[PDB]
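*Asks:* Handing over input-v7.pdb, PDB, C-alpha atoms.
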```pdb
MODEL        1
ATOM      1  CA  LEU B   1      21.181   2.657  17.427  1.00  0.00           C
ATOM      2  CA  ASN B   2      17.592   3.106  16.244  1.00  0.00           C
ATOM      3  CA  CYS B   3      15.913   4.842  19.184  1.00  0.00           C
ATOM      4  CA  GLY B   4      17.120   8.078  17.562  1.00  0.00           C
ATOM      5  CA  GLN B   5      15.448   7.450  14.185  1.00  0.00           C
ATOM      6  CA  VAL B   6      12.384   5.750  15.660  1.00  0.00           C
ATOM      7  CA  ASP B   7      12.002   8.825  17.886  1.00  0.00           C
ATOM      8  CA  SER B   8      12.213  11.309  14.986  1.00  0.00           C
ATOM      9  CA  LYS B   9       9.473   9.329  13.170  1.00  0.00           C
ATOM     10  CA  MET B  10       7.353   8.412  16.232  1.00  0.00           C
ATOM     11  CA  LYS B  11       7.345  11.927  17.631  1.00  0.00           C
ATOM     12  CA  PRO B  12       5.314  13.226  14.609  1.00  0.00           C
ATOM     13  CA  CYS B  13       2.830  10.361  15.061  1.00  0.00           C
ATOM     14  CA  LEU B  14       1.844  12.133  18.286  1.00  0.00           C
ATOM     15  CA  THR B  15      -0.508  14.569  16.519  1.00  0.00           C
ATOM     16  CA  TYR B  16      -2.361  11.463  15.308  1.00  0.00           C
ATOM     17  CA  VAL B  17      -2.344   8.979  18.215  1.00  0.00           C
ATOM     18  CA  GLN B  18      -3.224  11.965  20.445  1.00  0.00           C
ATOM     19  CA  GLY B  19      -4.443  14.801  18.190  1.00  0.00           C
ATOM     20  CA  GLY B  20      -7.150  12.537  16.735  1.00  0.00           C
ATOM     21  CA  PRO B  21      -6.714  13.209  12.993  1.00  0.00           C
ATOM     22  CA  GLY B  22      -4.697  10.592  11.073  1.00  0.00           C
ATOM     23  CA  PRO B  23      -2.810   8.587  10.683  1.00  0.00           C
ATOM     24  CA  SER B  24      -0.996  10.111   7.681  1.00  0.00           C
ATOM     25  CA  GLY B  25       0.117   6.658   6.485  1.00  0.00           C
ATOM     26  CA  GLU B  26       3.747   7.487   7.291  1.00  0.00           C
ATOM     27  CA  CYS B  27       2.838   6.647  10.896  1.00  0.00           C
ATOM     28  CA  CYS B  28       2.088   2.969  10.261  1.00  0.00           C
ATOM     29  CA  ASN B  29       4.915   2.882   7.693  1.00  0.00           C
ATOM     30  CA  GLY B  30       7.147   4.438  10.371  1.00  0.00           C
ATOM     31  CA  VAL B  31       6.464   1.719  12.944  1.00  0.00           C
ATOM     32  CA  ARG B  32       6.861  -0.728  10.052  1.00  0.00           C
ATOM     33  CA  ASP B  33      10.147   1.102   9.497  1.00  0.00           C
ATOM     34  CA  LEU B  34      11.107  -0.184  12.933  1.00  0.00           C
ATOM     35  CA  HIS B  35       9.900  -3.591  11.736  1.00  0.00           C
ATOM     36  CA  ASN B  36      12.620  -3.511   9.045  1.00  0.00           C
ATOM     37  CA  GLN B  37      15.196  -1.970  11.409  1.00  0.00           C
ATOM     38  CA  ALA B  38      14.929  -3.990  14.638  1.00  0.00           C
ATOM     39  CA  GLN B  39      15.345  -7.730  13.956  1.00  0.00           C
ATOM     40  CA  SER B  40      15.683  -9.281  17.432  1.00  0.00           C
ATOM     41  CA  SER B  41      14.233  -8.284  20.822  1.00  0.00           C
ATOM     42  CA  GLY B  42      17.463  -6.511  21.844  1.00  0.00           C
ATOM     43  CA  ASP B  43      16.830  -4.440  18.690  1.00  0.00           C
ATOM     44  CA  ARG B  44      13.247  -3.476  19.537  1.00  0.00           C
ATOM     45  CA  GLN B  45      14.370  -2.219  22.979  1.00  0.00           C
ATOM     46  CA  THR B  46      15.715   0.934  21.298  1.00  0.00           C
ATOM     47  CA  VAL B  47      12.603   1.158  19.135  1.00  0.00           C
ATOM     48  CA  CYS B  48       9.842  -0.009  21.500  1.00  0.00           C
ATOM     49  CA  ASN B  49      11.453   1.765  24.485  1.00  0.00           C
ATOM     50  CA  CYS B  50      11.514   4.874  22.274  1.00  0.00           C
ATOM     51  CA  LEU B  51       7.816   4.778  21.275  1.00  0.00           C
ATOM     52  CA  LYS B  52       7.282   4.267  25.011  1.00  0.00           C
ATOM     53  CA  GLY B  53       9.031   7.391  26.287  1.00  0.00           C
ATOM     54  CA  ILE B  54       7.709   9.445  23.339  1.00  0.00           C
ATOM     55  CA  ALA B  55       4.158   8.075  23.533  1.00  0.00           C
ATOM     56  CA  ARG B  56       4.545   8.683  27.286  1.00  0.00           C
ATOM     57  CA  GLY B  57       4.824  12.478  26.994  1.00  0.00           C
ATOM     58  CA  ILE B  58       1.429  13.477  25.639  1.00  0.00           C
ATOM     59  CA  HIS B  59      -1.511  15.074  27.504  1.00  0.00           C
ATOM     60  CA  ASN B  60      -4.000  12.258  26.788  1.00  0.00           C
ATOM     61  CA  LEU B  61      -2.529   9.767  24.294  1.00  0.00           C
ATOM     62  CA  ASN B  62      -5.222   7.715  22.527  1.00  0.00           C
ATOM     63  CA  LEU B  63      -4.746   3.927  22.526  1.00  0.00           C
ATOM     64  CA  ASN B  64      -7.298   3.498  19.711  1.00  0.00           C
ATOM     65  CA  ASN B  65      -5.198   5.552  17.274  1.00  0.00           C
ATOM     66  CA  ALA B  66      -2.011   4.146  18.816  1.00  0.00           C
ATOM     67  CA  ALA B  67      -3.624   0.690  18.576  1.00  0.00           C
ATOM     68  CA  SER B  68      -4.223   0.730  14.798  1.00  0.00           C
ATOM     69  CA  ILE B  69      -0.664   1.527  13.632  1.00  0.00           C
ATOM     70  CA  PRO B  70       0.018  -2.195  13.138  1.00  0.00           C
ATOM     71  CA  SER B  71      -3.579  -3.174  12.345  1.00  0.00           C
ATOM     72  CA  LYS B  72      -3.277  -0.692   9.457  1.00  0.00           C
ATOM     73  CA  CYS B  73       0.276  -1.258   8.151  1.00  0.00           C
ATOM     74  CA  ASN B  74      -0.233  -4.985   8.831  1.00  0.00           C
ATOM     75  CA  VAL B  75       3.187  -5.086  10.554  1.00  0.00           C
ATOM     76  CA  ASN B  76       2.147  -7.059  13.640  1.00  0.00           C
ATOM     77  CA  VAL B  77       4.569  -5.376  16.085  1.00  0.00           C
ATOM     78  CA  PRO B  78       4.177  -6.132  19.819  1.00  0.00           C
ATOM     79  CA  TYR B  79       4.733  -2.583  21.036  1.00  0.00           C
ATOM     80  CA  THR B  80       3.262   0.723  19.799  1.00  0.00           C
ATOM     81  CA  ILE B  81       3.648   4.481  20.317  1.00  0.00           C
ATOM     82  CA  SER B  82       1.729   4.480  23.613  1.00  0.00           C
ATOM     83  CA  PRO B  83       2.292   4.959  27.342  1.00  0.00           C
ATOM     84  CA  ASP B  84       1.370   1.292  27.997  1.00  0.00           C
ATOM     85  CA  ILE B  85       2.897  -1.023  25.334  1.00  0.00           C
ATOM     86  CA  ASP B  86       5.470  -3.547  26.605  1.00  0.00           C
ATOM     87  CA  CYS B  87       9.076  -3.804  25.363  1.00  0.00           C
ATOM     88  CA  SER B  88      10.132  -6.450  27.903  1.00  0.00           C
ATOM     89  CA  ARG B  89       7.925  -8.834  25.888  1.00  0.00           C
ATOM     90  CA  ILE B  90       8.728  -7.880  22.273  1.00  0.00           C
ATOM     91  CA  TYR B  91       8.360 -11.102  20.254  1.00  0.00           C
TER      92      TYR B  91
ENDMDL
END
```
Would you kindly transcribe this structure into structure tokens?

*Replies:*
Amino acid sequence: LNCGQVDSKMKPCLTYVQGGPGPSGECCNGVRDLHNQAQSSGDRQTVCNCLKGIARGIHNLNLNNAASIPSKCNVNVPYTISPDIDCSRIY
């Protein structure tokens, strides 16, 4: 699947979306990586669901940093590495 890769690349984005400093560029290119991997909704599930669990394991995740991954890489994904995105509605 992809939840495994997505996790390995969305777990390092934690220091940014939560640490504060970042992103390192590879973060937005990582979520964009999902963009090239998942093609249909059933494909995001692994991805989105991943960023969900991962993003949902930090002391105080920051939505601002986790809300600019797409606004920066211009990917336009529906979900993000956060404890609140929505995979049931991945368009």

*Asks:* Please enumerate the residues selected by the PyMOL selection byres ((chain B and resi 72) around 10) when evaluated against the supplied file, formatted as a PyMOL selection string.

*Replies:* chain B and resi 23+25+27-29+67-71+73-76

*Asks:* Store the residues of this selection in a file with C-alpha atoms, as a compact mmCIF listing (two decimals), keeping the file's coordinate frame.

*Replies:*
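Just written: again-v3.txt:
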```
# COMPACT_ATOMS: atom_id res chain seq x y z
CA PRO B 23 -2.81 8.59 10.68
CA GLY B 25 0.12 6.66 6.48
CA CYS B 27 2.84 6.65 10.90
CA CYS B 28 2.09 2.97 10.26
CA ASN B 29 4.92 2.88 7.69
CA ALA B 67 -3.62 0.69 18.58
CA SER B 68 -4.22 0.73 14.80
CA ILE B 69 -0.66 1.53 13.63
CA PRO B 70 0.02 -2.19 13.14
CA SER B 71 -3.58 -3.17 12.34
CA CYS B 73 0.28 -1.26 8.15
CA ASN B 74 -0.23 -4.99 8.83
CA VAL B 75 3.19 -5.09 10.55
CA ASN B 76 2.15 -7.06 13.64
```

*Asks:* Just checking: using only C-alpha atoms, which residue out of B:40, B:34, B:45, B:12 ends up closest to residue B:86?

*Replies:* B:45

*Asks:* Taking the file as shown, what set of residues would the PyMOL selection byres ((chain B and resi 61) around 12) give back, as a count of residues only?

*Replies:* 29

*Asks:* Could you check which of B:85, B:48, B:91, B:78 is closest to residue B:2, using only C-alpha atoms?

*Replies:* B:48

*Asks:* For the provided coordinates, the residues matched by the PyMOL selection byres ((chain B and resi 42) around 12) should be stated as number ranges by chain.

*Replies:* B: 1-3, 37-41, 43-49, 87-91

*Asks:* Could you work out an axis-aligned bounding box for all listed atoms of stretch 65-84 of chain B, with 5 Å added on each of the six sides, and give its centre and edge lengths in Å to one decimal, as JSON?

*Replies:*
```
{"center_x": -0.2, "center_y": -0.8, "center_z": 18.1, "size_x": 19.9, "size_y": 22.6, "size_z": 29.8}
```

*Asks:* Please measure the separation of atom CA of residue B:22 and atom CA of residue B:4, giving the value in Å to one decimal.

*Replies:*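 Separation between atom CA of residue B:22 and atom CA of residue B:4: 22.9 Å.
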